[PDB]
Amino acid sequence: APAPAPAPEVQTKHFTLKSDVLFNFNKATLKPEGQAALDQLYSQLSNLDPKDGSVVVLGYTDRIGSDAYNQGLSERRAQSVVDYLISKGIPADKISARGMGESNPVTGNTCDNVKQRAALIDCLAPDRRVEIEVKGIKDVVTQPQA
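So, in structure tokens, the structure goes:
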């Protein structure tokens, strides 16, 4: 947890990981294509710089009418992701598993015209996504419009 006096701009790289790829109806267990993608992303995060050695994993869950329940799932999934991300050869101390639960409900917008239970639970899917926050990572110069 160094913090002497950072002069250069930190290289924060947020990765949008879809819960559908990992787990949709399942608790948080990772599925094949789930572990596979997690591996490729892992490397991109493994070749990072230790300077900041800060990798916070965020988890976004949907609304089930039980805040406590949503938080429990947010931490579980966030943990399952990290738990698997560790076996990739990364210190469990350099990372962090956080349950983002619902820090910004997008559905409350894309699902505005939705006031029905089933309609909500169905429209409340766009709230299932983990955001891997890796800083201190370096990369080659990006070319405008791939």
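One gets the entry's author numbering by counting positions in the sequence shown from 1 and adding 179 to each. Backbone N, C-alpha and C fix where the C-beta goes; we use that ideal spot for every residue, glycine too.
Contact check, residue i vs residue j, beta carbons under 8 Å
i: residue 242; j: residue 306; result: yes
i: residue 317; j: residue 223; result: no
i: residue 209; j: residue 196; result: no
i: residue 302; j: residue 286; result: yes
Sequence-distant residues of the same chain with beta carbon closer than 8 Å to residue i, five excluded per side
i: residue 274; result: 234, 235, 236, 261, 264 and 265
i: residue 296; result: none
i: residue 212; result: 200
i: residue 220; result: 194, 196 and 311
Cβ distance (whole Å) where residue i is taken to contact residue j below 8 Å
i: residue 194; j: residue 311; result: 4 Å
i: residue 248; j: residue 308; result: 18 Å between Cβ atoms; not a contact.
i: residue 225; j: residue 267; result: 7 Å
i: residue 258; j: residue 271; result: Rounded, the Cβ-Cβ distance is 11 Å, inconsistent with contact.
i: residue 253; j: residue 279; result: 6 Å
i: residue 315; j: residue 231; result: 3 Å
Bridge partners - residue i, DSSP secondary structure assignment
i: residue 275; result: 235
i: residue 188; result: None, per the DSSP bridge assignment.
i: residue 194; result: 311
i: residue 280; result: 239
Cβ neighbours of residue i in the same chain (closer than 7 Å, five flanking residues each side left out)
i: residue 284; result: 306
i: residue 294; result: none
8 Å Cβ cutoff, residue i in contact with chain D
i: residue 214; result: You won't find chain D in this structure, because it holds only one protein chain.
Close Cβ partners of residue i (< 6 Å) along its chain, the five nearest in sequence each way excluded
i: residue 228; result: 315 and 317
i: residue 290; result: 302
Residue ranges of each alpha helix (DSSP H) within the segment 193–231, 4 or longer: You should have 198–201 and 211–225.
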